[PDB]
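For reference, the chain that follows is the form solved without ligand DNF, supplied as structure tokens.
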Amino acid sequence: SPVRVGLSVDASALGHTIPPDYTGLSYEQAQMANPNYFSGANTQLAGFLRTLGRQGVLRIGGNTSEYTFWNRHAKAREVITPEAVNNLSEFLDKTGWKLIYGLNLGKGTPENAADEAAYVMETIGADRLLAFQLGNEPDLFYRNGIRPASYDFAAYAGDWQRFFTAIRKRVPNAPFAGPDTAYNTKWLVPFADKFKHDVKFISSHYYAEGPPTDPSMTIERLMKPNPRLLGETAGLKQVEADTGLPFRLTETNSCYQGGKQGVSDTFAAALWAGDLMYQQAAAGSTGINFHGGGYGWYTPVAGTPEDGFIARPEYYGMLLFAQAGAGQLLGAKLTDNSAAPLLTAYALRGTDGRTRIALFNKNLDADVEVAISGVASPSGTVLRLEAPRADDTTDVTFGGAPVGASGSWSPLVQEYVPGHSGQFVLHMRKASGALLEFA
């Protein structure tokens, strides 16, 4: 008893071109305390990244960049050694991903940041290094006394400039991004205005979960539009118009403080994440970096070098995006969809010339039947993003297969989308996703 909706693809309604390095992950700087983590020896993790994209960005930063200290002299407080940086360069070579690297503006010195930046540029080098960032979420330094309550944008601008100047003496070509926090008017907007000639792009953060006074995030709420996201995105677009700076979402996940068990670690997070990737690409974002590491509730990839790594449910939403590939987004308008309002759809003219459609039936209790118009093709296939329940922590498949070890994945189920009268009809179960590819 599906809700029968229409989807109209318009090849003449041109949207943004998705860049090849749109995908990405965000990790804590403290991972850099174990040189076995981002290492050429970590073949498992490298394979999970390659499956997420042949190009992409690894962002390292997070709150642990308050208390992680580069020590050129070395072989809560964590230490980054030359060997760790050495090994990170090899990991970037194995993955093909670029790097956003956090420096310690919260507790470190400008001179040590210059020295760390110099060694990163010495060993990772300008091609692989996309940006340094000078502190993570500086607007929240006060929450744990990294700064006093009085710390404001002026104070941070003074810190930022001291660090930037010191770094640029050691590393004249050092690239920067900032301010590495969620859009706001008291920090991000003035950062862009003041430092637009000194940064390459704006780095923003986004957690679907709002302030902790909100009702605890639920799967139901995660599937719904987030008006705050829409507003912040519009703010970032206005910043880009005013300053020329593009924006990248350098730390995001469903819920903050490590994720919420029964939301962040579930199949719903795959639907959320995959949809968010497209939503933000359609809005003009240059890319995304889903935060994770360890066995946190929200991590895309869980595990350790000693015990092995696995793909968590959210990974599978990122995998759908990866399998779709890059290209130019096209108009894709839904109709007759008020009874299935959480279905989203995105159409893409792939770089290879083929039309694809990514659909996320985020309606938890409505199946849909989608009548697709605007595509002329002799053959459409679908790969489904599936789990038996929206809150499942396992049992997630894409294309009829789980992801295996080291990011291994290939589709095992072939399904054609029936075509007639120049249209296609696709059924989707409640709480499912689909990637269509047209011949």
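By rigid core we mean the largest C-alpha set that fits within 1.5 Å across both forms. Numbering starts at 1 and follows the sequence shown.
The next section is about a form of this same protein that is not shown, the form solved in complex with ligand DNF.
> Could you tell me which one of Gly380, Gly47, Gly399, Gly56 places a heavy atom within 4.5 Å of ligand DNF in the deposited bound form?
When ligand DNF is considered in the deposited bound form, the option within 4.5 Å is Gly380.
> Against ligand DNF in the deposited bound form, would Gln414 count as a contact residue? Criterion: heavy atoms within 4.5 Å.
Result yes; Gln414 sits at the interface with ligand DNF in the deposited bound form.
> Only one of these stretches, 38-46, 388-396, 372-380, 402-410, has heavy atoms within 4.5 Å of ligand DNF in the deposited bound form; which one is it?
Looking at the other structure, the answer is 372-380.
> Which residues within 152-191 place at least one heavy atom within 4.5 Å of ligand DNF in the deposited bound form?
Read in sequence order, no residue approaches ligand DNF (within 4.5 Å, in the deposited bound form).
> Quick check for you: superpose on the rigid core, then look between the shown form and the other one for a C-alpha move of 2 Å or more. Which of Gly258, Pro341, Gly331, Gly210 is it?
Shifted by 2 Å or more: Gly210 only.
> Verify the C-alpha shift of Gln161 between the shown form and the other one: is it 2 Å or more after superposing the core?
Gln161: C-alpha displaced by less than 2 Å between the shown form and the other one.
> Can we say the CA of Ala366 moves by at least 2 Å between the shown form and the other one when the core is superposed?
After core superposition, the C-alpha of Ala366 moves less than 2 Å between the shown form and the other one.
> Could you check, with the core superposed, whether the Cα atom of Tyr142 shifts 2 Å or more between the shown form and the other one?
Moves: yes, 2 Å or greater.
> What direction does the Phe247-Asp214 Cα distance move in the deposited bound form compared with the shown chain, closer or farther, given a change of 3 Å or more?
It is farther: the C-alpha separation of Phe247 and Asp214 rises by at least 3 Å in the deposited bound form.
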